[PDB]
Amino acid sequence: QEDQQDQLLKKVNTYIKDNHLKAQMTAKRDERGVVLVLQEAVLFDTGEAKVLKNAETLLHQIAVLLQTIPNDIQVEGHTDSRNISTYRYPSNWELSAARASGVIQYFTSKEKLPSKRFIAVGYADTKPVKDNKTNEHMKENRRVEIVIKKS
């Protein structure tokens, strides 16, 4: 399990390098597995959960990586603490869940990855990187995390 995880992270970071994606995503290991972190700006508009047209190439490049491994995928949405209460997103829970769902719907309906591999998770603002006391800290909180679970 320990060597497996270090080999997967190495494989993932190598994919990021070979495809010139360092500015679009970062990879790390924690207790969940190997996690891809994508800041909001490479996927969505502010307060929205529709995958941007220019984001589809990036999600395609990630899908090509995900097709080479068997692991289950957990896609997590995270917001900063700024209030959202629109018709489309009545709270940060719905917005964070809608963003994870939107990514998975892309993976399954356009990239044809099996639905049974995915779980959509919304955290609202409960897992800040640090806090929400500055605009810099709020910005890093607005993110999607693609968790490659241990297999």
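Throughout, we count residues from 1 along the sequence that is shown.
With 49-57 and 35-43 compared on mean CA B-factor from the PDB entry, the stretch scoring higher is 49-57. For the pair 122-130 and 104-112, the record assigns the higher mean C-alpha temperature factor to 104-112. Compared with the other modelled residues of the chain, the Cα B-factor recorded for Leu66 ranks in the middle third. Split the chain's modelled residues into thirds by C-alpha temperature factor. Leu8 is in the highest one. In the PDB entry, a CA B factor belonging to the highest third of its chain's modelled residues is recorded for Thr14. Sort the modelled residues of the chain by CA B factor and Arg117 lands in the middle third. Among all modelled residues in its chain, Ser96 ranks in the lowest third by Cα B-factor.
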